[PDB]
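Novice: please find the sequence and an experimentally derived structure below.
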Amino acid sequence: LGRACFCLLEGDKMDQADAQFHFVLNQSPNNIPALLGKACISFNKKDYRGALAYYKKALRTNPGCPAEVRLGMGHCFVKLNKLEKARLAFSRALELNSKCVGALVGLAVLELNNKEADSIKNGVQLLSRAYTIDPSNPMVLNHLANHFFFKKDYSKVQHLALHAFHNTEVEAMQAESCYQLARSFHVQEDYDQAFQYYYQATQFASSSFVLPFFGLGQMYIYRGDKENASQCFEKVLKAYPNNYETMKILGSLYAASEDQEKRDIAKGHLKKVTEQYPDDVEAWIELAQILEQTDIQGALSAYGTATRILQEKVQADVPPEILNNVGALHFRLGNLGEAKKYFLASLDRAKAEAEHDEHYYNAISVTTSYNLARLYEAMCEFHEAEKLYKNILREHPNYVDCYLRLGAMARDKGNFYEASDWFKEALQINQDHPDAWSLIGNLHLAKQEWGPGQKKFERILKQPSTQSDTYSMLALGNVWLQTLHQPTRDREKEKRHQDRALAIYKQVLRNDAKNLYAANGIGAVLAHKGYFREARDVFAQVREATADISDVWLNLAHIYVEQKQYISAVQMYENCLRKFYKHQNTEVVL
Amino acid sequence: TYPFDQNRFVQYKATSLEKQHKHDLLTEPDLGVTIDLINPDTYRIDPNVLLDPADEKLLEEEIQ
Amino acid sequence: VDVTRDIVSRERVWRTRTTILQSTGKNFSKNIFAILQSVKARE
């Protein structure tokens, strides 16, 4: 016994202690605490069956025990929800000795299940009597601490939670002590210290329960520490999913774009809360906030009930950021007119944000007007588009996209307009701007005699800050392919050009397998290499990938007429004619 | 984007997730009893033995 | 100016240039590079 109880003090040689106790039964099983010390070892190995097997032998004999063998009986009955037996064991423990603490605190936790039912007997009889018979008991100190938290006594919780921390030495108890001091200073907004308490609470005993993990994760919202918030909140879902633990990962949305590790879980939480309603308000906002990459109709539906949800709690006008974005959705839909109405009422609601230069409704109106001018371009109301664009540029000339959509509008008229000059001054205001810089050479695509000169005007932002630029390097491939179909291939010149375009296409192949204009380029150059049976297959791939590429319609029918498959070709020619572009495209009928 | 409040604070509260937790009793790692074969100076095994009705219904494992 | 960072922060881009070129399905290029090597086997 001396060496077996020596083992439990140090947390090791525990099966050795059980063996030396079982050495007692094979030398002298003449009294029960010889085998009850086996059962506490079994209990601490989470074997409550092996505990209670020896624990049946306690109460049949009941040696001289003021220490209440029935106390541990009830605690095993606390395990695996044998509660009614736990109550009866703690009761008879109190009848043998009401002075003992374990029975009263056991029933205190036992009635911690019902707080709204039987509050007072938990608070005073179940707890304050345990505080009376021992004011140094870190259980009852922790429980009066969390009661005082819920009773909003934030003073004496910090009187006695420190002692509840120091008087205990096991990790989970001092984890709960740090956690409770952390929740105390959290609602007291002393978050720097309470953060440390949350981290210590997690670090002491982690597998116990997940509230310290939640405390750290929400504490990482303080001080911008939110990277570990996601990692720590993952264990909350590893604990068990709840409505609570959706919104933390939803609002803490490191999912920006093409990042499914935060985005698929965002989808799961969003359809964890969409069916729910724990006073859902913004739940549809962060629904649609990821839906803009995805299906647009889901975003529409989210905004639809989101428009409603701002009206019932108070008849509050929808903020114009919502209304601008739903008009932006309808822009890529057929709902162009009510998209315009959305932008109008967006600008009005921004005007109704009369005093909100913190939120900068003026800047929101700037981008809203940008969207509305882009819409007027879709109306082909280029007059009012000019008006809105020059209104913004006369008030924010630092902006570039309005500066070049104007240029694009005159590009529709032609190249050497102020189209080309707005484009060049967009580089003058911002030479770092890759979109405008690409559009510079896009102008030069009109001048194909400026073919070999485009190496320089597509080299300027081949600086590696801009690299990798798939769009530009495919433009290099395209200006390199227009070099072909010349009588100099036999002179190995266009063969070198074919292989150089092939090298560009291999490069864009390796850096992107899923580009389709690339594969169109490979198939085109090998078709120029005379491999047309080797071309319809590679074009078939981009054909299922997306039919809505005007080029591949032509290039497939070129193969068809190369097998003289006219009755497969001209139909797909006029299928290419089903776009609203030009009633007689010339090269297509050629 | 929407200007979301930074939710650095709990007011719902998590109390549904909190009081659902039933709290362990680990005051003494051998389950709140001094384990001793010397302090039983007394024994009820002598005449007469004592066994309350609550004590018989705790002598069962699960018989309800 | 403050308007520049003021707008480019609060807006969002869901539609760029580069992922137009990339296909919305999953069309890998091993099949493409396999036939690329296969035509080289005719070479």
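Specialist: Sure, I can see it. Numbering: from 1, shown residues only, chains lettered A, B, ... in the order given.
Novice: C-alpha only now, for contacts and for neighbours.
Specialist: Will do.
Novice: tally of neighbours for residue 22?
Specialist: No chain specified, so I'll use chain A. 17 (other Cα atoms under 10 Å in any protein chain shown).
Novice: switch to chain C, please.
Specialist: Neighbours of residue C:22 (other Cα under 10 Å): 19.
Novice: these two touch, right, it and residue A:516?
Specialist: Yes - using Cα atoms under 8 Å, residue C:22 is in contact with residue A:516, at 6.0 Å.
Novice: so which bits of the helix or strand harbouring residue C:39 are buried?
Specialist: Taking DSSP states H and E as the definition, residue C:39 sits inside helix C:30-42. Applying a neighbour-count criterion of 16 or more other Cα atoms under 10 Å in any protein chain shown, one finds C:32, C:33, C:35, C:36 buried in helix C:30-42.
Novice: kindly report the same for stretch A:549-565.
Specialist: Buried residues in stretch A:549-565, defined by neighbour count with 16+ other Cα under 10 Å: A:552, A:553, A:554, A:555, A:556, A:557, A:558, A:559, A:560.
Novice: helix, strand, or coil at the fifth one?
Specialist: Each residue gets one of three states, and residue A:556 gets helix by DSSP: H, G, I helix; E, B strand; the rest coil.
Novice: find the nearest non-adjacent residue to it, please.
Specialist: In space, and not counting its chain neighbours, residue A:556 is closest to residue A:536: 6.2 Å by Cα to Cα, 6 or more residues apart in numbering or on different chains.
Novice: then the last one?
Specialist: Nearest residue to residue A:560 in three dimensions, chain neighbours excluded: residue A:569, at 5.7 Å (Cα to Cα, 6+ apart).
Novice: that neighbour: how many residues sit nearby?
Specialist: Other residues close to residue A:569 by other Cα under 10 Å number 21.
Novice: ok, residues contacting the helix or strand containing it?
Specialist: Per DSSP H and E: residue A:569 is located in helix A:566-576. With Cα atoms under 8 Å, 6 or more residues apart in numbering or on different chains as the contact definition, helix A:566-576 has outside contacts at A:550, A:553, A:554, A:556, A:557, A:558, A:560, A:561, A:588.
Novice: contact residues of chain B facing chain C?
Specialist: For chain B, the residues in contact with chain C (Cα under 8 Å from any Cα of the partner chain) are residue B:1.
Novice: and the residue of chain B nearest chain A?
Specialist: Distances between chain B and chain A by Cα to the nearest Cα are smallest at residue B:40, namely 3.7 Å.
Novice: nearest spatial neighbour of that residue, chain-adjacent residues omitted?
Specialist: residue A:64 (3.7 Å).
Novice: number of nearby residues for the one residue in chain C that gets nearest to chain B?
Specialist: In chain C, the residue that lies nearest chain B is residue C:10 (5.5 Å; Cα to the nearest Cα). For residue C:10, the neighbour count with other Cα under 10 Å is 16.
Novice: the closest residue to it other than its chain neighbours: helix or strand, and which one exactly?
Specialist: Nearest residue to residue C:10, sequence neighbours excluded (Cα to Cα, 6+ apart): residue B:1, at 5.5 Å. In the assignment (DSSP H and E), residue B:1 maps to no helix and no strand.
Novice: just checking, residue B:1 touches residue A:321?
Specialist: Yes - Residue B:1 lies in contact with residue A:321 (Cα under 8 Å); the separation is 7.4 Å.
Novice: out of the two, which sits in the more crowded spot?
Specialist: Between residue B:1 and residue A:321, counting by other Cα under 10 Å, residue A:321 is the more crowded of the two (23 against 13).
Novice: so which helix or strand takes in that one?
Specialist: Using DSSP H and E, residue A:321 falls in helix A:320-331.
Novice: so that helix, near chain C or not?
Specialist: No - using Cα under 8 Å from any Cα, helix A:320-331 stays clear of chain C, coming no nearer than 9.4 Å.
Novice: what residues does the helix or strand just after that helix touch?
Specialist: As assigned by DSSP H and E, the chain's next helix or strand after helix A:320-331 is helix A:336-352. Residues outside helix A:336-352 that contact it (Cα under 8 Å, 6+ apart) are A:317-321, A:323-324, A:326-331, A:361-362, A:364-365, A:368-369, A:371-372, A:375.
Novice: helix A:336-352 vs helix A:320-331, what angle?
Specialist: Using axes from the mean of the first three to the mean of the last three Cα atoms, to 10 degrees, one finds that helix A:336-352 and helix A:320-331 are set 170 degrees apart in direction.
Novice: alpha carbons of helix A:336-352, in CSV - could you do that?
Specialist: Output of helix A:336-352 as CSV, limited to C-alpha atoms (Å, rounded to 0.1, in the frame of the first residue of the first chain):
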residue,chain,number,x,y,z
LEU,A,336,-30.6,46.0,-66.4
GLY,A,337,-33.4,48.5,-65.8
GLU,A,338,-34.0,47.7,-62.1
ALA,A,339,-30.2,47.6,-61.8
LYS,A,340,-30.4,51.2,-62.9
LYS,A,341,-33.1,51.8,-60.3
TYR,A,342,-30.9,50.2,-57.7
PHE,A,343,-28.1,52.6,-58.5
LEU,A,344,-30.4,55.6,-58.4
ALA,A,345,-31.8,54.7,-55.0
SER,A,346,-28.3,53.8,-53.9
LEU,A,347,-27.1,57.3,-54.7
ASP,A,348,-30.2,58.6,-52.9
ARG,A,349,-29.5,56.5,-49.8
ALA,A,350,-25.9,57.7,-49.9
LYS,A,351,-27.3,61.2,-50.0
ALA,A,352,-29.4,60.0,-47.1
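Novice: please enumerate the helices of the stretch 351-500 of chain A.
Specialist: A:361-378, A:382-395, A:401-413, A:419-429, A:434-444, A:454-457, A:470-481, A:493-511 (DSSP state H, counting those that start in this stretch).
Novice: just name the most buried of these.
Specialist: Comparing these by mean neighbour count (mean count of other Cα atoms under 10 Å in any protein chain shown), helix A:361-378 ranks first with a mean of 22.
Novice: is that helix anywhere near chain B?
Specialist: No - Helix A:361-378 is not in contact with chain B by Cα under 8 Å from any Cα; minimum separation 10.7 Å.
Novice: contacting residues around the closest residue to residue A:422 other than its chain neighbours?
Specialist: Distance criterion Cα to Cα, 6+ apart; nearest residue to residue A:422, sequence neighbours excluded, is residue A:407 at 5.4 Å. Contacts for residue A:407 (Cα under 8 Å, 6+ apart) come out as A:418, A:419, A:420, A:421, A:422, A:423.
Novice: swap the cut-off to 10 Å and go again
Specialist: Neighbour list for residue A:407: A:401, A:413-415, A:417-424, A:426, A:439 [criterion: Cα atoms under 10 Å, 6 or more residues apart in numbering or on different chains].
Novice: can you check residue A:264 too?
Specialist: Going by Cα under 10 Å, 6+ apart, the list of residues near residue A:264 reads A:255, A:270, A:290.
Novice: for the second one, pull up the helix or strand it's in.
Specialist: The reference is to residue A:270. helix A:260-273.
Novice: what separation do you get for the residue of chain B found nearest chain C and residue A:286?
Specialist: In chain B, the residue that lies nearest chain C is residue B:1 (5.5 Å; Cα to the nearest Cα). Remark: distance between residue B:1 and residue A:286 (Cα to Cα, to the nearest Å) = 9 Å.
Novice: same thing with residue A:461?
Specialist: Going from residue A:461 to residue A:286 by Cα to Cα gives 36 Å.
Novice: of those two, who's got more company?
Specialist: Shown here are residue A:461 and residue A:286; by other Cα under 10 Å, residue A:286 has more neighbours (22 against 19).
Novice: what about that one, which helix or strand?
Specialist: Per DSSP H and E: helix A:283-291 holds residue A:286.
Novice: quick one: that helix to chain centroid distance?
Specialist: Its chain's C-alpha centre and that of helix A:283-291 lie 11 Å apart, by Cα atoms, centre = their mean, to the nearest Å.
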